[PDB]
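I have placed the structure first, in the form of structure tokens, so that the comments after it can refer back to it.
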Amino acid sequence: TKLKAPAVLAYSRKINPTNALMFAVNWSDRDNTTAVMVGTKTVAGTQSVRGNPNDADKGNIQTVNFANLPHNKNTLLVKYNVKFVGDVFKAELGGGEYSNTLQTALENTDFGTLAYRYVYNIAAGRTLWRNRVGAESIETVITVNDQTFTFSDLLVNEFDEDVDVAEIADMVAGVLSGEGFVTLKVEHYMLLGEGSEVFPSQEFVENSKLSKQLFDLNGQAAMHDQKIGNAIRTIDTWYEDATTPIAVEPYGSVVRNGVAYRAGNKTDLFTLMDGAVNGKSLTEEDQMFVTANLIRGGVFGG
Amino acid sequence: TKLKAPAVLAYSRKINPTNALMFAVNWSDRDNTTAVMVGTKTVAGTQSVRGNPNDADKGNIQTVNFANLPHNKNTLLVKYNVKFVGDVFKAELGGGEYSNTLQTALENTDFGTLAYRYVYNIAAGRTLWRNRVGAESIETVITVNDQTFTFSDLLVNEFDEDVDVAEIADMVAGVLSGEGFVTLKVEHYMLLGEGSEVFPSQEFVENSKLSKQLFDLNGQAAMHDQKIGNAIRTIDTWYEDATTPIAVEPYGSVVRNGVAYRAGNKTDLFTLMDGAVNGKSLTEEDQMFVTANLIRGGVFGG
Amino acid sequence: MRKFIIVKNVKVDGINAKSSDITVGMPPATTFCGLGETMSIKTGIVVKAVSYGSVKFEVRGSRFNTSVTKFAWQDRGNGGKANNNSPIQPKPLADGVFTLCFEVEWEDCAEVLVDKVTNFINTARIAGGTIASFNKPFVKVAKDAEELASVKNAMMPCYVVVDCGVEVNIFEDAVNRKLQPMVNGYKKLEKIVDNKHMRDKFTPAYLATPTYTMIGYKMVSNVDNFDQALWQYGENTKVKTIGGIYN
Amino acid sequence: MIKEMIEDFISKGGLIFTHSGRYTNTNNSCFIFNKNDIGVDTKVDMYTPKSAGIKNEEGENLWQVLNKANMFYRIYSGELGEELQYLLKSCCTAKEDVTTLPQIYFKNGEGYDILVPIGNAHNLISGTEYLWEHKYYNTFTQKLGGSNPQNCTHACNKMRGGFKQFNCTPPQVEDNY
DNA sequence: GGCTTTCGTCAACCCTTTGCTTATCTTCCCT
């Protein structure tokens, strides 16, 4: 009687950001874009470490990739292209029964709120991760379908109602609940100040030889699409004891805090999609969490 | 009476496509072909497997081959040729009794619809699964016998009537129903956008180093030839409860979705093949299905 | 007095890289000798030897594992199991840009010889792989030995196969002298008494185990004698070079 | 015990071979024992339905014990008994199947022979052992039977890590020159 | 009397992480 999930049931991602190239502009000269180059500086400090206090007096030489604004341009510009694709319910590897019953159990999902939180995370500048601190104003210009949309002051921890994010999110929800696609050409102008140090994505490297190795595209400082995609889907205010929005994982798990906000207490995604497939009526934000997982994608089987 | 099939009856592949080399061009300069290079990135995420709430908290580091457009070209070009080969009834391992009576039951195959669906799968961009979505405008340029056609907007899930694909299908059905060969050089111009991630063939390979390993040809992103061969033969809209075209399989079986649409309901290739040989009046659509299997080829153990 | 036709840059993809049970990679000289006798059958131009070189060649997969092929449910009687994934028998696939040079003897103009070889290659299949592209073949003749070297250097750039022979066995010398092993032919084990499940019922059939010789890759210009790169069907149910063992 | 094992093998399908098309296709089941290639260090393969057979006190099937210390050549030359030679040879048969196997034409002089290439078992087992022993890493590794190789072959059942085959890739030509 | 479907049967690893080669070039001479 229990409809088990397919062993290879997987969903493709539906929010596809590009790698976010960072340029340097002014708050006035936004047409003068010079690429933020990744430099490499050798930096000496103290050994630190929680243990081993005997070698505290010894130095610490580490070679670190840095990325800074030049001292003639005070604004950091971040360019990326977010592609919201539709058909979020057609599993590319699990189409059949389970997948399709999840679709019919998720037809009345509030796609407007999911699209609103996605477009707000793009619009409030959450895709800027550590660049936002020290920025005097973060101006987001989202060009949808040749549609300039300017945002100036949006607080990030809560999704306050405005008309421009909702205006973009109307057709973003029309794409997500239906078919087709929409492309958001996103530019972030941040008055970080003269010569402020910007924070790109850092590569994962195991061969070492360099302590911090920033993500670069032909040398220009850039951000990983995955970081932007994590920040776009940071919409999950529906876990147990929800204080801040977290990214949408199947387990509600962020790995910096070393916790899982939705595992071990029967609101991880697999339990909810098993309930929704097996005719257990989810609540509204429950369906929004499951549909946000399907928009994020992943594989849910075995 | 009751002419049995050969134990190891085999047919050769008659739609032979080449590997789809992926280049990067502009919609303006579509002659600026630039090998989309398969890059290798490393990915930090959260491990979210159906049975992993205990390990959801910890991270998950995967090295993954990616392939993205460069940020100065907004168009993905796809290169392949498709060689339609005649003698679709000449078995190379099966005997001259079952295969010839199979053949003489199959001159009444309307090859025009088979050729129309083959060239429409070529032209609509069916060979471009995850990167035909998110494309602002697709454009297929088919060059055959020094004569060139262009297709802008062809919906891929149904075969609507246009004179250009039918005009190519005239010579393709002439080759398939007759002798010789024909070759269509296909140029896919897909306006994905600036720095949009392209989707080459992933490989079924045990790789300790790379969790996801893409297909490259001299590093250049490429797609598998049998992948495009699966795309071209995705014409089967004639199975029981037919909604979408599936690939022409002997059992109508998509193992990707875990469902075999022509297995068990007496509409697979072998039951219709025995009905065609043993004088049972085969329907037109079952005739075209058996002919499409013979065009695809295969060995048939039994 | 020798005549050759060269097809340069034969981009072929989908090559059955499984040369044998213990060799996966470049197709052996039995494959290209089989291609040569295939044209001796379809086009009628009877071919003595073929010298083949590899411009490009990549086996699909990692550096230690080949990419297996997703099998399709094509056998008869296993419906019901067709919804699940088909079991995979090992057949590695590869891509390769080759340069072929066929010793032919011809008595007509070079244009009809080029057209016949082109019409064969348009319907040919190198090692189970579809010929993606190929340059227009050109005829060159080896009147003398300097002319033989002209034909040799006309295959530039390609890495041809030269035979270096078996000292003790295959594994030992592949580690020791570091040469590559490939199928130079087959060894007949038993006569086959059942011709019902075969291609012909009258052609005599034998179960075979592939014999191997040890070979090296040298660029065609660095090969001193072009006869050491031209493989042909020897009368030991094997293939062999005209020049013998490369020294 | 050894006779116990040879007879355990014989109650079952009972095939000992040096060449087979079972490695090419697991659905094939053609097993061929060539007599001329049996030497001192000739590794020898055997087949049972689903690789069945009892183990000894050290947890080994017949495939381990027949393949170390040249034990198969010892039974083959009859240092352990001529009635054991008989038992061994009762399992050493040539079973033939050509379905799901490659069939090519080889020129034999003014004619062709349809050769069906089957893989040498000694090549697979001894090559895997030697090229892992002699540190030859210019190789591919392939698990032959699939997810559960006991339906294929006793060597595929026991050597689950995969067989070593030669990486036969040629050197590439650099395009920029 | 096969014959075709589905369920039961039988298993168990020690792995290693780039080169293979390495490109087709001017002396005499007289017109």
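Ordered as shown in the structure tokens, chains take letters A, B, and onward, while each chain numbers its residues from 1 and ligands are numbered from 1 in the order shown.
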Report chain A as a short mmCIF file (atom, residue, chain, number, x, y, z; two decimals) with C-alpha atoms, in the first residue's frame in the frame of chain B, after least-squares superposition over all C-alpha atoms paired in order.
```
data_model
loop_
_atom_site.label_atom_id
_atom_site.label_comp_id
_atom_site.auth_asym_id
_atom_site.auth_seq_id
_atom_site.Cartn_x
_atom_site.Cartn_y
_atom_site.Cartn_z
CA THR A 1 4.20 -23.91 -38.92
CA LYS A 2 5.45 -21.12 -36.65
CA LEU A 3 8.58 -19.57 -38.19
CA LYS A 4 10.86 -19.09 -35.20
CA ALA A 5 13.38 -16.26 -35.40
CA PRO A 6 17.06 -17.15 -35.92
CA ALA A 7 19.07 -17.45 -32.73
CA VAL A 8 21.61 -14.88 -33.92
CA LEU A 9 19.27 -12.61 -35.90
CA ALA A 10 20.74 -9.12 -35.59
CA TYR A 11 20.30 -5.85 -37.45
CA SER A 12 22.95 -3.17 -37.86
CA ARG A 13 22.16 0.41 -36.93
CA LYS A 14 21.07 2.70 -39.75
CA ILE A 15 21.11 6.10 -38.02
CA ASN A 16 24.79 6.79 -37.30
CA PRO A 17 25.37 10.14 -35.59
CA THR A 18 28.86 11.27 -34.74
CA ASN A 19 30.00 12.63 -31.40
CA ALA A 20 28.50 16.11 -31.12
CA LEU A 21 31.27 18.60 -30.42
CA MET A 22 30.14 21.73 -28.61
CA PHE A 23 31.62 25.10 -29.53
CA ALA A 24 30.81 28.58 -28.28
CA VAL A 25 29.52 31.18 -30.73
CA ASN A 26 27.40 34.31 -30.71
CA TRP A 27 23.98 34.67 -32.30
CA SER A 28 25.78 36.96 -34.72
CA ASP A 29 29.34 35.65 -34.68
CA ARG A 30 28.63 32.05 -35.63
CA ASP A 31 31.93 31.96 -37.47
CA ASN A 32 33.88 32.57 -34.28
CA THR A 33 33.83 29.07 -32.81
CA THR A 34 35.79 28.38 -29.64
CA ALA A 35 35.71 24.89 -28.19
CA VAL A 36 33.75 24.48 -24.96
CA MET A 37 36.41 23.14 -22.60
CA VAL A 38 35.58 20.61 -19.89
CA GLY A 39 36.81 22.03 -16.61
CA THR A 40 36.94 20.40 -13.20
CA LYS A 41 35.60 22.11 -10.07
CA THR A 42 35.52 20.92 -6.47
CA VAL A 43 32.09 21.65 -5.02
CA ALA A 44 30.96 21.43 -1.39
CA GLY A 45 27.37 21.05 -0.30
CA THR A 46 25.11 19.10 2.04
CA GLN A 47 25.10 15.33 2.42
CA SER A 48 21.36 14.91 1.58
CA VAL A 49 20.61 11.10 1.11
CA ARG A 50 17.10 9.75 1.75
CA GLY A 51 18.27 7.74 4.74
CA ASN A 52 20.95 8.48 7.38
CA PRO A 53 19.83 11.90 8.76
CA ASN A 54 22.50 11.83 11.50
CA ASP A 55 25.24 12.78 9.01
CA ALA A 56 23.17 15.61 7.51
CA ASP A 57 25.25 18.21 9.36
CA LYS A 58 28.45 16.94 7.74
CA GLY A 59 29.64 18.46 4.49
CA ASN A 60 29.91 16.89 1.06
CA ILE A 61 33.00 17.47 -1.09
CA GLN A 62 32.66 16.28 -4.68
CA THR A 63 34.88 16.99 -7.66
CA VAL A 64 32.72 17.48 -10.74
CA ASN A 65 33.52 18.06 -14.40
CA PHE A 66 31.66 21.15 -15.60
CA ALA A 67 31.20 22.72 -19.02
CA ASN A 68 30.17 26.36 -19.32
CA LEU A 69 29.90 28.94 -22.05
CA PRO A 70 32.48 31.72 -21.78
CA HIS A 71 31.28 35.14 -20.66
CA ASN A 72 31.94 36.67 -24.09
CA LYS A 73 29.84 34.24 -26.17
CA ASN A 74 26.15 33.69 -25.42
CA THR A 75 25.40 30.87 -27.88
CA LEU A 76 26.09 27.16 -27.53
CA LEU A 77 26.83 25.41 -30.83
CA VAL A 78 26.47 21.64 -31.20
CA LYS A 79 27.98 19.95 -34.28
CA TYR A 80 27.31 16.39 -35.34
CA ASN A 81 26.93 14.38 -38.55
CA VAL A 82 23.94 12.04 -38.83
CA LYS A 83 24.40 9.28 -41.38
CA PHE A 84 21.15 7.67 -42.44
CA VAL A 85 22.14 4.46 -44.19
CA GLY A 86 19.73 2.40 -46.29
CA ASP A 87 19.21 -1.37 -46.66
CA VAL A 88 17.40 -1.41 -43.31
CA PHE A 89 15.92 -4.84 -43.92
CA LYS A 90 19.06 -6.83 -44.71
CA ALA A 91 20.02 -8.40 -41.40
CA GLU A 92 23.80 -8.77 -41.28
CA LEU A 93 23.53 -11.85 -39.07
CA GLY A 94 20.13 -13.26 -39.88
CA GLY A 95 19.66 -12.80 -43.61
CA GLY A 96 17.32 -15.60 -44.58
CA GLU A 97 13.67 -16.66 -44.19
CA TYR A 98 12.56 -14.72 -41.10
CA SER A 99 14.55 -11.63 -41.95
CA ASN A 100 13.47 -11.66 -45.55
CA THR A 101 9.84 -12.37 -44.75
CA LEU A 102 9.95 -9.44 -42.40
CA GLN A 103 11.14 -7.39 -45.34
CA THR A 104 8.21 -8.48 -47.54
CA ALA A 105 5.83 -7.86 -44.62
CA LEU A 106 7.26 -4.34 -44.22
CA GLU A 107 7.52 -3.10 -47.83
CA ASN A 108 4.44 -0.85 -47.62
CA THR A 109 5.60 0.81 -44.40
CA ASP A 110 5.20 4.58 -44.28
CA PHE A 111 8.89 5.47 -44.46
CA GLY A 112 7.88 9.10 -44.97
CA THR A 113 6.50 9.37 -41.44
CA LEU A 114 9.50 7.58 -39.90
CA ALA A 115 11.94 9.79 -41.80
CA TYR A 116 9.82 12.84 -40.94
CA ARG A 117 9.97 12.07 -37.23
CA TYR A 118 13.72 11.33 -37.41
CA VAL A 119 14.54 14.56 -39.27
CA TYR A 120 12.15 16.46 -36.98
CA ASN A 121 13.94 15.12 -33.90
CA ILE A 122 17.17 16.35 -35.44
CA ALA A 123 15.54 19.62 -36.50
CA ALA A 124 13.59 20.49 -33.34
CA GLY A 125 16.76 20.04 -31.30
CA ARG A 126 15.87 16.94 -29.30
CA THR A 127 19.50 15.79 -29.62
CA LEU A 128 20.13 18.68 -27.29
CA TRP A 129 18.88 16.97 -24.15
CA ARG A 130 19.14 19.26 -21.12
CA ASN A 131 20.74 22.14 -23.01
CA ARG A 132 17.35 23.23 -24.40
CA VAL A 133 16.04 24.56 -21.09
CA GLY A 134 17.08 28.17 -20.76
CA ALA A 135 17.69 28.55 -24.51
CA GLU A 136 15.83 31.56 -25.87
CA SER A 137 15.91 30.25 -29.45
CA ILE A 138 17.22 27.00 -30.92
CA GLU A 139 18.27 27.43 -34.56
CA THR A 140 19.12 24.19 -36.36
CA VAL A 141 21.09 24.36 -39.61
CA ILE A 142 20.99 20.99 -41.32
CA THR A 143 23.20 20.71 -44.37
CA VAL A 144 22.03 17.64 -46.30
CA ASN A 145 23.61 17.35 -49.74
CA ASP A 146 25.10 20.85 -49.65
CA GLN A 147 21.61 21.98 -48.73
CA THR A 148 21.29 24.58 -45.97
CA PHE A 149 18.05 24.02 -44.05
CA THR A 150 17.20 26.45 -41.28
CA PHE A 151 14.78 25.69 -38.45
CA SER A 152 13.90 28.23 -35.75
CA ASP A 153 10.84 27.28 -33.68
CA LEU A 154 9.65 23.67 -33.62
CA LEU A 155 7.84 22.29 -30.58
CA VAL A 156 9.28 18.94 -29.63
CA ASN A 157 6.53 16.86 -28.01
CA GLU A 158 4.47 16.90 -31.23
CA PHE A 159 5.48 16.68 -34.89
CA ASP A 160 3.72 19.61 -36.52
CA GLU A 161 3.76 19.60 -40.32
CA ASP A 162 6.28 21.87 -42.03
CA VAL A 163 7.86 21.82 -45.47
CA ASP A 164 11.58 21.85 -44.72
CA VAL A 165 11.68 18.83 -42.40
CA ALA A 166 9.47 17.05 -44.94
CA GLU A 167 11.79 18.21 -47.74
CA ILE A 168 14.80 16.60 -46.04
CA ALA A 169 12.71 13.59 -45.04
CA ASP A 170 11.74 12.92 -48.67
CA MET A 171 15.26 11.84 -49.56
CA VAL A 172 15.85 10.44 -46.06
CA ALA A 173 12.86 8.14 -46.67
CA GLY A 174 14.22 7.45 -50.15
CA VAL A 175 17.46 6.30 -48.54
CA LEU A 176 15.74 4.31 -45.77
CA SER A 177 13.19 2.55 -47.99
CA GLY A 178 15.88 1.92 -50.60
CA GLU A 179 19.66 1.73 -50.76
CA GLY A 180 22.55 4.13 -50.39
CA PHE A 181 23.05 6.68 -47.64
CA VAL A 182 22.59 10.34 -46.79
CA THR A 183 24.61 12.57 -44.47
CA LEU A 184 23.09 15.39 -42.42
CA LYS A 185 25.65 17.97 -41.27
CA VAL A 186 23.81 19.35 -38.23
CA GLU A 187 24.68 22.53 -36.32
CA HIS A 188 22.65 23.73 -33.34
CA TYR A 189 22.87 27.41 -32.38
CA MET A 190 21.21 27.96 -29.00
CA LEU A 191 20.99 31.39 -27.37
CA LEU A 192 21.64 30.07 -23.88
CA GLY A 193 22.83 33.42 -22.56
CA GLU A 194 26.15 34.79 -21.38
CA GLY A 195 28.15 32.26 -19.40
CA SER A 196 25.39 29.65 -19.34
CA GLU A 197 26.34 26.16 -18.21
CA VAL A 198 26.03 23.55 -20.94
CA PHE A 199 25.30 19.87 -20.39
CA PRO A 200 27.38 17.31 -22.31
CA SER A 201 27.20 13.56 -22.04
CA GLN A 202 28.71 12.16 -18.86
CA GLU A 203 30.90 9.07 -18.90
CA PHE A 204 30.04 5.96 -16.95
CA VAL A 205 32.95 5.46 -14.54
CA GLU A 206 33.28 2.85 -11.79
CA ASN A 207 36.67 3.87 -10.38
CA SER A 208 34.96 7.06 -9.02
CA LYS A 209 37.48 9.79 -7.82
CA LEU A 210 35.24 12.35 -9.59
CA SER A 211 31.48 12.57 -9.17
CA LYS A 212 30.52 13.85 -12.63
CA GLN A 213 32.90 13.10 -15.51
CA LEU A 214 31.76 14.71 -18.75
CA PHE A 215 32.38 13.25 -22.19
CA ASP A 216 35.29 15.00 -23.87
CA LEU A 217 37.06 14.79 -27.22
CA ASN A 218 40.60 16.18 -26.74
CA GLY A 219 39.18 18.14 -23.81
CA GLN A 220 36.34 19.74 -25.78
CA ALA A 221 32.88 19.09 -24.37
CA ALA A 222 31.00 16.62 -26.54
CA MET A 223 27.92 14.41 -26.59
CA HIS A 224 27.88 10.61 -26.98
CA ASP A 225 26.62 9.35 -30.32
CA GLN A 226 24.25 7.07 -28.41
CA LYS A 227 22.49 10.02 -26.75
CA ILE A 228 21.95 11.67 -30.14
CA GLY A 229 20.80 8.35 -31.59
CA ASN A 230 18.36 7.94 -28.70
CA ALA A 231 16.97 11.41 -29.33
CA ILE A 232 16.65 10.89 -33.10
CA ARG A 233 14.60 7.71 -32.67
CA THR A 234 12.40 9.31 -29.97
CA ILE A 235 9.51 8.90 -32.40
CA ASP A 236 7.47 6.19 -30.67
CA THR A 237 4.02 7.67 -30.13
CA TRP A 238 2.42 4.27 -30.79
CA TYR A 239 2.59 2.47 -27.44
CA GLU A 240 -0.36 1.85 -25.13
CA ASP A 241 -1.58 5.11 -23.53
CA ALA A 242 0.91 7.11 -25.57
CA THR A 243 1.29 10.66 -24.22
CA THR A 244 4.88 11.68 -25.02
CA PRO A 245 7.18 10.26 -27.71
CA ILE A 246 9.69 7.77 -26.35
CA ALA A 247 12.78 6.26 -27.94
CA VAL A 248 12.43 3.16 -30.07
CA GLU A 249 13.52 0.09 -28.11
CA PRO A 250 12.38 -3.48 -28.78
CA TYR A 251 10.47 -3.29 -25.47
CA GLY A 252 9.48 0.39 -25.59
CA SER A 253 11.50 0.72 -22.41
CA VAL A 254 12.95 3.90 -20.95
CA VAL A 255 15.10 3.34 -17.88
CA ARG A 256 14.73 6.63 -16.01
CA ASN A 257 11.07 5.98 -15.26
CA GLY A 258 11.89 2.33 -14.54
CA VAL A 259 9.07 1.12 -16.79
CA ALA A 260 8.57 -0.65 -20.11
CA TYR A 261 5.80 0.93 -22.21
CA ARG A 262 5.55 -2.02 -24.62
CA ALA A 263 6.44 -5.10 -22.54
CA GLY A 264 3.83 -7.32 -20.92
CA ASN A 265 0.99 -6.31 -23.25
CA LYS A 266 1.81 -7.93 -26.64
CA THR A 267 3.15 -4.93 -28.55
CA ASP A 268 6.84 -5.39 -27.86
CA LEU A 269 8.85 -5.76 -31.05
CA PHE A 270 9.51 -9.52 -30.93
CA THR A 271 5.79 -10.33 -30.79
CA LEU A 272 5.07 -7.92 -33.64
CA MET A 273 7.81 -9.25 -35.92
CA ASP A 274 6.72 -12.80 -35.07
CA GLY A 275 3.20 -11.84 -36.11
CA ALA A 276 4.33 -10.05 -39.28
CA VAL A 277 6.55 -12.96 -40.30
CA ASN A 278 3.80 -15.52 -39.56
CA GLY A 279 1.25 -13.73 -41.74
CA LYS A 280 -0.56 -11.65 -39.14
CA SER A 281 -1.30 -8.26 -40.66
CA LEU A 282 0.05 -5.43 -38.54
CA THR A 283 -1.43 -1.96 -38.48
CA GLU A 284 0.40 1.01 -40.00
CA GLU A 285 2.07 2.43 -36.88
CA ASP A 286 2.87 -1.16 -35.87
CA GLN A 287 4.89 -1.62 -39.07
CA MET A 288 6.45 1.80 -38.48
CA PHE A 289 7.52 0.70 -34.99
CA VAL A 290 9.06 -2.55 -36.28
CA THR A 291 10.83 -0.73 -39.12
CA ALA A 292 12.06 1.93 -36.68
CA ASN A 293 13.53 -0.89 -34.60
CA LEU A 294 15.26 -2.25 -37.70
CA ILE A 295 16.57 1.24 -38.48
CA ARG A 296 17.75 1.52 -34.86
CA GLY A 297 19.16 -1.98 -35.09
CA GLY A 298 19.75 -4.52 -32.39
CA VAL A 299 19.62 -8.28 -32.05
CA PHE A 300 16.31 -10.17 -31.92
CA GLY A 301 16.85 -13.87 -31.31
CA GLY A 302 16.98 -16.65 -28.74
#
```
Kindly provide the residues of chain C that approach chain E to within 7 Å, each paired with its closest atom pair and their distance in Å to one decimal, based on only C-alpha atoms (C1' of nucleotides), listed by chain and increasing number, as a Markdown table.
```
| residue | atom | partner | partner_atom | distance |
| --- | --- | --- | --- | --- |
| C:153 | CA | E:24 | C1' | 5.0 |
| C:156 | CA | E:24 | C1' | 6.6 |
| C:157 | CA | E:23 | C1' | 6.3 |
| C:217 | CA | E:21 | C1' | 6.7 |
| C:218 | CA | E:21 | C1' | 6.3 |
| C:221 | CA | E:24 | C1' | 6.3 |
```
Export of prior selection with N, CA, C and O atoms as a PDB file, in the first residue's frame:
```
ATOM      1  N   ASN C 153      55.619   9.623 -45.681  1.00  0.00           N
ATOM      2  CA  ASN C 153      55.521  10.953 -45.087  1.00  0.00           C
ATOM      3  C   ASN C 153      54.246  11.686 -45.481  1.00  0.00           C
ATOM      4  O   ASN C 153      53.969  12.760 -44.958  1.00  0.00           O
ATOM      5  N   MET C 156      51.486  12.154 -42.573  1.00  0.00           N
ATOM      6  CA  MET C 156      51.754  13.071 -41.477  1.00  0.00           C
ATOM      7  C   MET C 156      50.538  13.954 -41.204  1.00  0.00           C
ATOM      8  O   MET C 156      49.956  14.512 -42.138  1.00  0.00           O
ATOM      9  N   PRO C 157      50.143  14.121 -39.940  1.00  0.00           N
ATOM     10  CA  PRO C 157      50.696  13.491 -38.736  1.00  0.00           C
ATOM     11  C   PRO C 157      49.906  12.294 -38.205  1.00  0.00           C
ATOM     12  O   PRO C 157      48.700  12.374 -37.998  1.00  0.00           O
ATOM     13  N   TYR C 217      54.466   2.413 -30.959  1.00  0.00           N
ATOM     14  CA  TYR C 217      53.983   3.545 -31.736  1.00  0.00           C
ATOM     15  C   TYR C 217      55.153   4.443 -32.089  1.00  0.00           C
ATOM     16  O   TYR C 217      55.734   5.092 -31.217  1.00  0.00           O
ATOM     17  N   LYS C 218      55.368   4.638 -33.388  1.00  0.00           N
ATOM     18  CA  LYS C 218      56.389   5.581 -33.840  1.00  0.00           C
ATOM     19  C   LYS C 218      55.696   6.482 -34.859  1.00  0.00           C
ATOM     20  O   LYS C 218      54.820   6.018 -35.581  1.00  0.00           O
ATOM     21  N   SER C 221      56.984   9.508 -39.966  1.00  0.00           N
ATOM     22  CA  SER C 221      58.234  10.001 -40.548  1.00  0.00           C
ATOM     23  C   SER C 221      59.448   9.399 -39.860  1.00  0.00           C
ATOM     24  O   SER C 221      60.486   9.202 -40.498  1.00  0.00           O
TER      25      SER C 221
END
```
*asked:* Give me, as a VMD selection string, the residues of stretch 79-178 of chain A that a backbone DSSP run labels alpha helix (DSSP H).
replied: chain A and resid 98 to 104 111 to 123 164 to 177
_Selected residue of minimal separation from chain B among C:96, C:34, C:204, C:216, counting only C-alpha atoms_ =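 Residue with the minimum atom-to-atom distance to chain B: C:96.
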*DSSP says strand (DSSP E) for which residues of stretch 42-285 of chain A? Put them as number ranges by chain?*
A: 42-46, 59-67, 75-85, 138-143, 148-151, 181-191, 216-217, 220-223, 234-236, 246-247, 253-254, 259-260
_Need the shell around residue D:89: protein/DNA/RNA residues with any atom at most 12 Å away, counting only C-alpha atoms (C1' of nucleotides). Skip same-chain ones fewer than 5 positions apart. Format as a PyMOL selection string?_
chain D and resi 6-7+9-10+14-17+33-35+72-73+75-78+82-84+94
